[PDB]
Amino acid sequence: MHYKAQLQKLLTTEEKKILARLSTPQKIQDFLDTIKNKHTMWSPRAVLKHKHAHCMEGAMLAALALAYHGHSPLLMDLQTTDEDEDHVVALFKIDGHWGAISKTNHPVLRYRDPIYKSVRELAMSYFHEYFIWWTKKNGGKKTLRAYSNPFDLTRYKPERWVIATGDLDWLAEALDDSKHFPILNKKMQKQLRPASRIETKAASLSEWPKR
């Protein structure tokens, strides 16, 4: 309630009217679906203004909306080899089970229903669909290597990220530097099989055109 009070001090009437509607994790994901998928690392304020977001911008807005209704604003980092880019989601729980809100342009690394018994279990549900699909060089290689502990944005003064103008590279870097848990050892990595051609083709589909 205290955290929510701090948020209300920072937000305009329009912002609060939006956040008030987004009262369930499902409603939040529905809202992110209407934002155009994509320089900089916008605040939730900027995202609501310009209605454009990459993954971490999407997750930060989700975390804000979750916090506005009394959930912890939690991020999880999905960390890849240098061949790929990391992905960030907003974690949530309902009746003891983990779910995830996700902003992505492709049919992989999507929303997760609150049915996963642990962070690990949820994270593992992404592994098989995190692969190189955009080039033939290591075509189909599975690139996920680690997941973060839930990253609680409560540790910061909300001004620092909710309404920031300053570009939040520091926040991205803090997330990347937090505790991560490896998914493989060296033996397991050697076992990995590439995704099939049908899988890479499917992953390549786009929600929003690359205009």
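Numbering starts at 1 and runs along the sequence shown.
- Deposited sequence between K38 and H39: 4 to 9 residues lack coordinates.
- In this crystal structure, the stretch out of 87 to 95 and 132 to 140 whose C-alpha atoms carry the higher mean B factor is 132 to 140.
- The question of which stretch, 58 to 66 or 160 to 168, has the higher mean Cα B factor is settled in favour of 160 to 168.
- Within the group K201, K9, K17, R193, the record's highest C-alpha temperature factor is found at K9.
- Ranked within its chain, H180 lands in the highest third, by CA B factor from the PDB record.
- Compared with the other modelled residues of the chain, the Cα B-factor recorded for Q29 ranks in the lowest third.
- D77: CA B factor in the middle third of modelled residues in this chain (values from the PDB entry).
- Per-chain ranking of the deposited C-alpha B factor places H52 in the middle third.
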